Structure formats: structure tokens, C-alpha cells
Amino acid sequence: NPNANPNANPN
Amino acid sequence: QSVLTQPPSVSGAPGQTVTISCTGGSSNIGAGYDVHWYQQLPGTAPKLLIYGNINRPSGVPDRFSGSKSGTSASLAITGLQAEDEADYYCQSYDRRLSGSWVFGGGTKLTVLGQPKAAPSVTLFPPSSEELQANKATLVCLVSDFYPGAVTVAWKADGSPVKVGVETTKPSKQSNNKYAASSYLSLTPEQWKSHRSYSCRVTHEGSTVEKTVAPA
Amino acid sequence: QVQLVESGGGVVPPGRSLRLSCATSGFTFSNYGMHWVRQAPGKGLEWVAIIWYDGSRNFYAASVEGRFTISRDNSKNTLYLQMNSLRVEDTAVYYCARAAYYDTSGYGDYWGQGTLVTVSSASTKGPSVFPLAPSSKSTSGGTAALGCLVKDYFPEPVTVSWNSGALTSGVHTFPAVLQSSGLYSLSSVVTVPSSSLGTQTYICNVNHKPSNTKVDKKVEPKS
């Protein structure tokens, strides 16, 4: 899924 | 064409309000995927302007605001300043594509620093010399217009043409107005196979169409 | 402060390879995914690729799938884009962008300045000059517009004069278009009195020094 959060943390 | 549809250009005078729309569909904006906006000043990289549909980065003035409804999103700019002149892009995600982002075509914002100027259009057909060289180029020259934003559309007997079209970006003339050129490359057989070709130039809601006939 | 700096751009022919770099600073590189975005000259933005913060997933646009490879070196806080089998339509400025996310989609909160990549098979080439016979359909009363079409040359520039420099009033040489073929084309048009077409001769002098080509094209009235 390319629309999933790609980071370690939320913003 | 871009998955998200934006108008190519908008203009306003200092102190006025302008809006830029971003039309999508049931597979992107219509599906609830967040929309974001970027501002790209001339000759610079894009910068985040709006995120999460309605949120301003702390560094963006309060004159910029965003919203969305149904399958469309809108960027609004109040109290226009000359510094606002730039290209504006919307961005989201589309369920049908393999990518994380999808962009709109972009909108060029002009802040009027002088009265609007309508374009002059000159259309040249292929010369008989070029046709004897087994080639054909239609030349549509656009000059003396402001804002420096124009749409050039070619027609063959009234039907749109896209293949073989080469159009320049507007460039500031010596008199601070803009000029542009568009070329339609054809073969002598294509040129002879229609009754008319047309160069349709749209500027600030007005249209000038010149037409030539192979006879 | 968040800072992204791209490098590695240049001019290559189709089929060549290229590796772009993006050195970052001002944040924990290993905590963020990264994007590549490109923008053809005078066109819009186009998402290219993404790499997860932990390098576990990579996604590409269909137009580059199988040719481009995104990677990262967390030890150097650097992002890379390996570009193979370059095509002419890959010509664009390439941007480095840090991944962010909201509720239902992502965005880029910080961007680099960009690096230019030019894929072109164009070499020195002289122009083809064609006359644009005089027409008064779009000129002021008592005048006519004629010109020369300087087609398919490379590289810039070309100079266009009229009557060996004796004709300067009413000359408008338009900026050249860079066609998808990689070659340039421009037009030069002069507005002259209609009454002078039956006698006065008009000749455009085209000079393309890169190829050492010179053309004097006589523009005659139509049938």
C-alpha cells in the first residue's frame, strides 16, 4: 500500500 | 491530462480575492483522501502552502486558506499581494494509481501590475517550398498580451489536435507584455486531407481563432 | 533547520545511466520516508518514487517502474535515485522531498532546491529556413506581415536580420521553442507597407554559428 504512513512517527 | 483538474491561470488586482479550484473524482478527492497545496515561486522549488485540506504551516500568512466539498477542493487568497505571483498545485492520492501522491496540472497566478492586454494572433500556413520538401508546419504567433498566460488549441475541421503541437512558454517582451509561439507539424498528406486548420488562442476568458484553408 | 540538497544532475544521451543524491541535515533522517518529484521544463509536478523510513518498501510511478531505483544511506543521511535506461521524456528538474502524513494521505513538508537532468540525443544541426509569404489578414491598415521559419536547429542561438541589417523597424524575432525532438525552432516576422511588396525585395539573413550555416531566404508574395 503506497498510501500508508511512511514515517516512524505521526506528524 | 492531470488526474486532478486545475485552471491553467487566474489573475486578480492587488487587494482582491481569488480562488483556485481542484476537481477530482470518486477515486481520489471523492473518496476522502486528504488534499494539500503547494506554492512554487518563479524559478524556485515548491513549498508547502496548505496541508490536511485546511491547515496552514505556521509560516504561511493567514491570507491563504483551503477547503473541499464532495469531489472538489479550493484554494482562496485574500488581499492579493504582488509577492503572491506563483504557480499553485493541489495534491492528493488516487486509488487507481501505483503512486503515493498525485498532482494537479497547476495554476499560474498573476497579480495585475498593469491593465490587461489582449493577444494579437498571426497564423501562417505551410509554405509551398516546405511542402515541396515533403513537410508542413503551421505557425501561430501570439504577441502583446498580459497576464503572461495563454492557452493555444489547434483544430482540424473543428476537431481538436494534440499530436505534433509544440508551444512555448510566454516570455516578457521589451514592453513588459508577453509573446508566445505554437507550431503544428504535419505531413503534406495530413495538410491536404482537411478543409481547414485553426489556431484558437484563449486569454483571460476571451478567444481569438484564426483559420487557414489548404486551397 | 530541515535542509535538503540535491546533486548529480547533468546532460546525457538516451540509454545512459545516472545517480542523483540528496544530502539532508537538521533532522533524524532515519525517522522519515523520502520522495522524489520531477518537473519537466515549463510543465507540472510529477510524483516519481518513495522509500519508507526503514527502507522496507519502495513504490514507483508507472512511467519509471523497472528503470529507476530509490535507495538511502542512513549513515550519511543521504537519499539516492539510480536512473537507468534514461529516455528523452525523463528530462526534468528532480526534487528531494521529506514525507509527511495527515489522516488519509501524505504530503511533503520540506523540499530541496532541485537538480536538472537533461536527456537529449541532439547534436550540432543547421536550420531549415522557409519563407512566410506576406499576409495582411492580421496587420494594421496598409501593411503586411512576412517572415522566415527557422526550423530544427541545435544548439542555440541563431541570429536573424533583414536586408543585411537595413530593415529593423517592425521586426519581431520570437523566442525559440525547444521541441520534444530536442531541436529548436523560431520565427522572425517583419511588418512592411503593402504598397512595397510589388517592388522592394525582402530577404532574411539567418546565421547559425554552431554549425557554421548561413542562409539568405528571399520572401516573395504569394500567387
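Residues numbered from 1 in each chain as written, not as in the entry; some residues may be left out. Chains lettered and ligands numbered in written order. Heavy atoms only, no water. Residues with missing side-chain atoms left out of burial classes, pairs and counts.

- By the naming in the PDB entry, chain C goes by Fab311 heavy chain and is assigned to Homo sapiens.

- The PDB entry annotates chain B as Fab311 light chain originating from Homo sapiens.

## A few points about the side chain of C:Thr115
All names here are of chain C.
Step number 1: Position of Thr 115 relative to the elements: it lies in strand β11 (residues 115-119).
Step number 2: Note on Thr 115: relative accessible area 10%, which makes it buried.
Step number 3: Within the structure, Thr 115 has its side chain in polar contact with the backbone nitrogen of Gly 9 (distance 3.1 Å).
Step number 4: Once you skip the residues sitting within four places of it in the chain, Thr 115 turns out to touch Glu 6, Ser 7, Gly 8, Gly 9, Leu 20, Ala 92, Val 93 and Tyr 94. (Helix = DSSP H or I, 4+ residues; strand = E, 2+ residues; numbered from the N terminus. Buried < 20%, exposed > 50% of the residue type's maximum accessible area, 1.4 Å probe, protein only. Polar contact = N/O pair within 3.5 Å; in protein donor to acceptor, adjacent residues only side chain to side chain. Contact = heavy atoms within 4.5 Å.)

## Comments concerning the pattern of salt bridges
All names here are of chain C.
Step number 1: Applying the stated criterion across every chain yields a total of 11 salt bridges over all chains.
Step number 2: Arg 38 is the partner of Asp 90 in a salt bridge, and the nearest nitrogen-oxygen pair spans 2.8 Å. One end of the pair, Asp 90, is in the loop between β8 (78-83) and β9 (92-101); the other, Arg 38, is in strand β4 (residues 34-39), with 52 residues separating them in the sequence. Comparing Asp 90 with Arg 38, the two get one shared label, buried.
Step number 3: For the salt bridge of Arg 67 with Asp 90, the shortest nitrogen-to-oxygen distance reads 2.8 Å. Here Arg 67, found in the loop between β6 (58-60) and β7 (68-73), pairs with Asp 90, found in the loop between β8 and β9; they are 23 residues apart in sequence, far enough to count as distant. Of the two residues, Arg 67 and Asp 90, neither departs from the other in class, the shared state being buried. (Salt bridge = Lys/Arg side-chain N within 4 Å of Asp/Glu carboxyl O.)

## Looking at the interface of chain B and chain C
Step number 1: Contact residues are listed per partner, giving 47 residues for chain B and 48 residues for chain C.
Step number 2: Both sides together, the interface formed by chain B and chain C hides about 3600 Å², and carbon and sulfur atoms give 61% of it.
Step number 3: The tally of links from chain B across to chain C stands at 1 salt bridge.
Step number 4: Between B:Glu129 and C:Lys217 there is a salt bridge, and its shortest N-O distance comes to 2.9 Å.
Step number 5: Remark: the boundary between chain B and chain C carries 20 residue pairs in polar contact.
Step number 6: Contributions of two or more residues to the side of chain B that touches chain C are made by β3 (36-40), β7 (86-92), β10 (120-124), α1 (128-132), β11 (136-145), β14 (165-167), β16 (178-186) and β18 (206-212) of chain B. (Buried area = accessible area lost by both parts, 1.4 Å probe.)

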